[PDB]
Every structure is written in structure tokens, then in C-alpha cells.
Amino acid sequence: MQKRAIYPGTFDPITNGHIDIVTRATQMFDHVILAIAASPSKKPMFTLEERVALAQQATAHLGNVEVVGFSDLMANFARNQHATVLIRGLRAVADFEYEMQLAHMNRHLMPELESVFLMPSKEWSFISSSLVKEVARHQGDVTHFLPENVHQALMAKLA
């Protein structure tokens, strides 16, 4: 079957953890939409424009990945995009109770959208965009957790 999956998030910025997850998704699903939310939600270090461009570059090597931005309800977008699979990354440091809440709400909103939880490499299982941003903003080295293009952009952002 030709499944269309959606992998939503703020990607602010996209990390090696995100790349790990989306790469794993492309191996089991025909088309993967990496959906970037225009979430002013607490000042996106990067803007949607930057957010999208960085993601497009970091996943350019992935043939069946499509980077697209969206506003408001993720489920409404997933429905319009005809996605039937919702990719969620599950870190060792994940808020499981929250993921359950989100998945059940998304199922209520769009039952035809099935939540699929993927696990990243042990290497990226203990980090997050906010932690990375916080560390970088406070003069810490986060080179190891980001694609080269994102690393360069981050330095420009904090300079």
C-alpha cells in the first residue's frame, strides 16, 4: 500500500534527532510530509521561513520527504493532506503521559489518522530543541546535535 505519513512539529530548529526520526519514517512509508507549525508559541528562535529552509536542506538527501509549513490544528492539515499516519518521535526523556493525551485527542479529531511512535538512536534519545537552544543561548557547544546547515544558522542567530 501507498501510505502518506505526516511528521509534525515546530522544528525550531530541526536537530539530528528529527533527522533520525524522519529518516526511519521514509523507510516504511511511501511519502512523508515533514510538517512545520507556524507556532509563535513562545518566540520561535527561527521564523517559519528559516525553519522550512533549514529542514529542506537537512532532508534534501531524502527522496520521499516533503517539507511544508502549516498553521492551526495539525489534524486539520493532516486531513487536507490526506495523511493516514502520524509520526511521533519517542525519546527516553519523553513526556509519555502527554503523548498519550495528544494521540487520543488526535484520534478523536481524526480517527483515520493513526499515531505511530518511532524511537531514535540512543545518541539522540536524551535531547530536545528547547534544551539545545537554551544551552547554545548560554554559550554551550551544541554542534554535535545539529546538521551542519543548522549549526551555521544558529551561530548567526546568536551573534
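For every residue, the number given is its place in the sequence shown, counted from 1.
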* Stretch exceeding the other in mean C-alpha B-factor - 53-61, 108-116 -> 53-61
* Structure fact -> Stretch with higher mean Cα temperature factor, 92-100 vs 130-138, is 92-100
* **B-factor third for the C-alpha atom of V68 within its chain** => middle
* Structure fact -> By the entry's values, the third containing the CA B factor of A5 is the lowest
* Sorting the chain's CA B-factors, does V32 end up in the lowest, middle or highest third? -> lowest
